[PDB]
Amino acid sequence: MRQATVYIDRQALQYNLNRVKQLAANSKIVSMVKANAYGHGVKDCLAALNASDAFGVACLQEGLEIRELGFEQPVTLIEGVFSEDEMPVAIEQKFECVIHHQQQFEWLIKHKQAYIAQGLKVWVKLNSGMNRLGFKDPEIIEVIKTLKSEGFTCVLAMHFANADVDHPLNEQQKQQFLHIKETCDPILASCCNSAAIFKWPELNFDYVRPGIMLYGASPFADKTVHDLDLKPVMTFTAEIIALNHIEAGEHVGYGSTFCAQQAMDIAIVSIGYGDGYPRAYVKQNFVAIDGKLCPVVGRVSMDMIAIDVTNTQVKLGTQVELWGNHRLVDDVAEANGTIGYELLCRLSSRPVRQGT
């Protein structure tokens, strides 16, 4: 059979979760497992992340998947509910809801007795500048005041727009968050994503929300996972399916975008964009084979790529790493003009998934 495989290392997941604990020692952890655990597979990741205090998801359906798999941890719906009829289900399954706008506020008050009797906190989202989701200052203060007076236990929640770099909007957001915290204390609070866990332990408060770092990929353009002491969780592999010796001046692939400047050995590998390996590169990309790095040559097709193996001993069937511990997913991303998060999330169903 064609070999295209996605391996998920459970020990690395445990290790990176433990890194969160080391960096945010006095906070509960909301492990962000949305988008099928950032493409790593919930079935394969939840057990490894079972020491989490909570799991964070993008929608009710992701939360129902967690429950169906047998997991009883608190789950936070990080965008809240999209329709009122989700409220009874959320309450029954013990899913705490983010609220970010008036509509959800009205639905929550409507279901307040059952929601409160289930012991569920409400996460009240601040828009401090991103202008995506949330209540603005000062409206958020009245919302919180009202929820408290209605009998709710609240969590003040914000997300940083640019925690991954040095940016002036980070200070505007920190100060907006502390103003609201001060104004609404006593209150639980949560604002650290992976980047903020590394940079701002003073903002840990009661709950941190790591995502990308759990998966052993970097929240920072200028730091490797080795710099951060994280372990890559996913290895994405395929195999050599053809070998070809070509002469100077011969082209390779669709588009004939690559011309051989000397004679060379080419291997064809059984992966392409139909597996979720990215097509369009803005700098040279490499794969990892036999302890070496080999350049990807010419265009990536739906089902196949070509690599220059002139300098590397290979055979038919030789295993080729597209990313993992030897070719880092964030280096592949950078060559593709994007970020690791996206590569991890846009794999197709064609590769076989294997837990390790």
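Don't overthink the numbering: it's just position in the shown sequence, from 1.
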> Once you work out the mean C-alpha B-factor for both 292-300 and 35-43 from the entry, which is higher?
Replying inline: 292-300
>> Averaging CA B factors per stretch from the PDB record, which one is higher: 142-150 or 254-262?
In response: 254-262
> Looking at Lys136, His100, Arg209, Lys121, which has the highest CA B-factor as recorded?
Replying inline: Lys136
> Checking the entry, which one of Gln73, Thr224, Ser83, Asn204 has the top C-alpha B factor?
Replying inline: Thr224
> Lowest, middle or highest third: where is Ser128 by Cα B-factor in its chain?
Replying inline: highest
> Can you tell me which third, lowest, middle or highest, the CA B-factor of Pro186 falls into for its chain?
Replying inline: middle
> Ranked by Cα temperature factor within the chain, is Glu68 in the lowest third, the middle third or the highest third?
Replying inline: highest
> Hey, what third does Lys315 fall into on Cα B-factor, ranked over its chain?
Replying inline: highest
> Once the chain's modelled residues are ordered by C-alpha B factor and cut into thirds, is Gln176 in the lowest, middle or highest one?
Replying inline: highest
